[PDB]
Amino acid sequence: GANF
Amino acid sequence: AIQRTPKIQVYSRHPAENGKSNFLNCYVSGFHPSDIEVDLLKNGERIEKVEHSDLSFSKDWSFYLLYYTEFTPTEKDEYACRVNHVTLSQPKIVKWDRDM
Amino acid sequence: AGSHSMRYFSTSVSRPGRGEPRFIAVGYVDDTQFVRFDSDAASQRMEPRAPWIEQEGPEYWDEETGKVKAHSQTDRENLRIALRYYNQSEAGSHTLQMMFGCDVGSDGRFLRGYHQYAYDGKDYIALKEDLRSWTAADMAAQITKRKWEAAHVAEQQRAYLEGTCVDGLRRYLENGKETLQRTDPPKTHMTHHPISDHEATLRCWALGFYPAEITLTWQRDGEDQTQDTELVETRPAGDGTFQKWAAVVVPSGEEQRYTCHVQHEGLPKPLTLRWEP
Ligand SMILES: [Zn+2]
Ligand SMILES: [Zn+2]
């Protein structure tokens, strides 16, 4: 779900 | 990029009895990256109806796969697993030893 | 069993010049796989891989399929971000792996949670054991850690891992109870293989056990032979059980100095085997  | 070379085990599901149908397994593990080619061989020749498990990986992030096929071992037929991977200069062939 | 785990795993592999990255995800309860998704497959759905998961309603398959597809898009984006962080070219193929899950005790209570990433086979960022902060492995991962800290990703993950993840694991253990709760002990035996007139191999076998966790060790005169045992990786039989063997090379006539020791949750008592022709 979270981007780098 | 860490590269890890595959470990290979070739073995039957059940203790081999000449004449009785069984399953021939080739378990490939510990490799990275994930692209790999695996063939089961009967007397040097690629076996056709070979299935394999879904790509998974271990705690150290290295991949593992099980390839398998039904087979009926005999006294003289040789079986092997042939594996190619980027870490190998040449395809590695591992012969089935019914005691391992 | 005394404790249980649910684990989800995903792998994305970029394919420069050959379209979007290959994405493969699998879910496990203990050592039993129960779902998969493969971006190469025609259905574009999450698919069952154990019979008991088919007890889940159609809403489950729709919702999980949407989430796994959204995750494949996130990891497509993250592979692009990684190229920039590491100043790598668009010509090479790279790998992004993720794992998350939870452990619960046999009393049904949360034990531990996990949420981690690896890039090209090396740790990138991982949720720490207290589920409150991140271990970031290198300079690029600190950029991610900063962003995740400001967005409170750890609190979102902690709430999923202690809540929905535990609830799902407990439901699966109920629906798959007959198979998931078994602790089938190994069937054991020993073989003997002369190598020469000076040496022979004793091999200790464990067959047909579940779950996969097991300890096989050789002793000589009551002392661990860890420095001399050939020990193969625990391997699947293909029928839901596992196999393992351990071997030692033994000077001729000294077989009775050696004992094989087997520990497995399915055993009432640890086993001790001797060569007894
Ligand atoms: Zn249990
Ligand atoms: Zn001699």
Side-chain angles (χ1 to χ4, degrees), chain A, chain C residues 8 10 12 25 66-86 88 94 96-98 100 115-120 123-127 134 136-161 164:
Chain A
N3 288 128
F4 284 178
Chain C
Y8 288 99
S10 67
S12 296
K67 286 186 307 179
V68 70
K69 284 160 81 178
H71 174 50
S72 68
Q73 172 65 36
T74 303
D75 273 4
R76 196 171 305 189
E77 296 160 354
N78 286 345
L79 284 161
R80 289 171 222 147
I81 296 163
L83 288 188
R84 292 193 286 275
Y85 285 170
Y86 291 108
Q88 295 168 332
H94 298 277
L96 183 61
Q97 295 159 271
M98 188 200 62
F100 67 88
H115 187 102
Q116 37 197 257
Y117 269 100
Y119 180 66
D120 284 339
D123 290 324
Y124 183 76
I125 196 172
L127 192 54
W134 303 93
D138 62 16
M139 292 185 296
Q142 312 296 327
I143 304 172
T144 299
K145 178 173 167 169
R146 189 78 57 88
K147 260 200 255 175
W148 293 6
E149 287 168 343
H152 294 282
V153 174
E155 291 97 305
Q156 298 176 316
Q157 291 307 311
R158 178 180 191 173
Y160 167 83
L161 291 165
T164 301

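Here is the naming used below: chain letters follow the sequence lines, and residue numbers restart at 1 for every chain. The figures here come from the full heavy-atom set of this structure, side chains too, leaving out hydrogens, waters and symmetry mates.
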Study note, to complete from the structure: By salt bridge (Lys or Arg N to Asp or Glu O under 4.0 Å), C:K69 pairs with (sequence neighbours left out) none
Point to revise | Close contacts, residues 72-82 of chain C versus chain A, judged by heavy atoms under 4.5 Å | key: C:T74, C:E77, C:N78, C:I81
Practice item. Check whether the ring centres of C:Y119 and A:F4 lie less than 6.0 Å apart, and answer yes or no. Key: no
